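Below is one structure, written out as structure tokens, with a few remarks after it.
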Ligand SMILES: CCCCCCCCCO[C@@H]1O[C@H](CO)[C@@H](O)[C@H](O)[C@H]1O
């Protein structure tokens, strides 16, 4: 009975680990830049490399791993994951670190498909939803607590110790899995149908554009706060914690408002995001200005996320799985797209302009957002 609750809790902690690793390079960019004598912007590629790999490869991986989803696949994953983190610990060239990130990406690609599927199969019927809420909470604890813990463990002991501590969480959980996995062992034909419905494909587009805006600025926030506002390294840590809390507030704001205003919430939130990206550099002349702007930014992108999610949910009630898969796929597509353009703008123009540049896709989203929310006003309840 409480056994099953533990198996869900362990899949959730594994989600925590996989997302803290997926996020924390933002918090470690400058330490990594120093430690290889290069610009923080070029590491943005490690941000891009992982995300685009995860997106494009999760489908062929989840495809080739389709036969044995037994704890064998989990253990194989966790072995590959802890190994990659261990290689990041000992990286002697940025090229090495990028390779290690690629390994984390393969692990995450297979982990996510398998873990989504597995959290339910190991829990009772009423916990079929609560189990979802658990591993989701893990990912929340990932961006809310996980990124700032990783960044402070880097401030103390090197980002090598950051990645090391993460692999260590992975190891104790691989053990837990071996000692709790129950030896436990295809909706892809849906895929062309979704590719046909214009509403769903247009939500996919709107996501890609807004997320490219957001990650164009966010990917390089730590190097921004230090190198351009001139502020401390601890202050960057405060901002990452603050973004987490604002995501908590955006969740409760969204949960309070309800889905009647979902389209509205989102479109207005995209407006907020444009404001934040426009006002990013001006808010640097003072510390408290960037603090306000972080609260607003975090609430905004949280509400945008929850809204796009609800929209893909309502636009494909027949294939919730494949749509959320395509969803995280195009989402990581945008994560890497934003990091890549942020890299390009940091390298060729000043990094001080990322916020300004970022507003350009955001605006597009906003306009498009308004348009498409006029046209398919469909939601959940
Ligand atoms: C079906 C065609 C291709 C589908 C590809 C689907 C898998 C994409 C990976 O999704 C992952 O799931 C988690 C959900 O939170 C995220 O935290 C993680 O960052 C995200 O990368």
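Along the chain as shown, the residues are counted starting at 1.
In case you wondered, yes, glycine gets a Cβ from its N, Cα and C as well.
Straight from Swiss-Prot, the features:
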type: TRANSMEM; residues: 8-28; note: transmembrane segment
type: TOPO_DOM; residues: 29-42; note: topological domain 'Periplasmic'
type: TRANSMEM; residues: 43-63; note: transmembrane segment
type: TOPO_DOM; residues: 64-73; note: topological domain 'Cytoplasmic'
type: TRANSMEM; residues: 74-94; note: transmembrane segment
type: TOPO_DOM; residues: 117-128; note: topological domain 'Cytoplasmic'
type: TRANSMEM; residues: 129-149; note: transmembrane segment
type: TOPO_DOM; residues: 150-162; note: topological domain 'Periplasmic'
type: TRANSMEM; residues: 163-183; note: transmembrane segment
type: TRANSMEM; residues: 198-218; note: transmembrane segment
type: TOPO_DOM; residues: 219-234; note: topological domain 'Periplasmic'
type: TRANSMEM; residues: 235-255; note: transmembrane segment
type: TOPO_DOM; residues: 256-263; note: topological domain 'Cytoplasmic'
type: TRANSMEM; residues: 264-284; note: transmembrane segment
type: TRANSMEM; residues: 288-308; note: transmembrane segment
type: TOPO_DOM; residues: 309-321; note: topological domain 'Cytoplasmic'
type: TRANSMEM; residues: 322-342; note: transmembrane segment
type: TOPO_DOM; residues: 343-352; note: topological domain 'Periplasmic'
type: TRANSMEM; residues: 353-373; note: transmembrane segment
Criterion met for the transmembrane segment (129-149) and the transmembrane segment (198-218) (at least three Cβ pairs under 8 Å): no
Long-range environment of the transmembrane segment (8-28) - Cβ separation under 8 angstroms, sequence gap at least 6: 43, 46-47, 50-51, 54, 78, 81, 85, 101, 104, 107-108, 111-112, 115, 118-119, 122-123, 127, 131, 134-139, 141-143, 146-151, 154, 159, 162-163, 166, 169-170, 173, 176-177, 180, 218-219, 221-222, 236-237, 240
Long-range neighbours of the transmembrane segment (43-63), counting only residues six or more past its ends (CB under 8 A): 22, 25-26, 29, 32-33, 94, 97-98, 101-102, 104-106, 108-110, 112-114, 188, 215, 219-220, 325, 328-333, 335-337, 339-340, 342-343, 346
Summary of DSSP states over the topological domain 'Cytoplasmic' (117-128), given as helix, strand and coil counts: 7 helix, 0 strand, 5 coil
Cβ contacts the transmembrane segment (322-342)/the transmembrane segment (198-218), at least three under 8 Å, sequence gap 6 or more: yes
Annotated stretches the transmembrane segment (198-218) and the transmembrane segment (74-94) touching (3 or more Cβ pairs under 8 Å): no
Candidate ranges 74-94, 235-255, 264-284, 288-308 - greatest C-beta contact count to the transmembrane segment (163-183) (under 8 angstroms): 74-94
Chain residues outside the transmembrane segment (353-373) and at least six past its termini with a C-beta under 8 angstroms from it: 199, 202-203, 205-206, 209-210, 212-214, 216-217, 220, 224, 263-264, 266-267, 270-271, 273-274, 276-281, 338, 341-342, 345-346
Number of helical, extended and coil residues in the topological domain 'Cytoplasmic' (256-263), per DSSP: 7 helix, 0 strand, 1 coil
Outside the topological domain 'Periplasmic' (343-352), six or more residues from its ends: residues with CB under 8 Å to it: 39-42, 44-45, 48, 216, 219-220, 223-224, 227-228, 281
Positions whose Cβ lies under 8 angstroms from the topological domain 'Periplasmic' (29-42), at least six residues beyond its ends: 93-94, 97, 154-155, 158-159, 220, 222-223, 226-227, 233, 342-343, 346-347, 351
C-alpha separation across unresolved stretch of 4 residues from residue 185 through residue 186, Å: 13
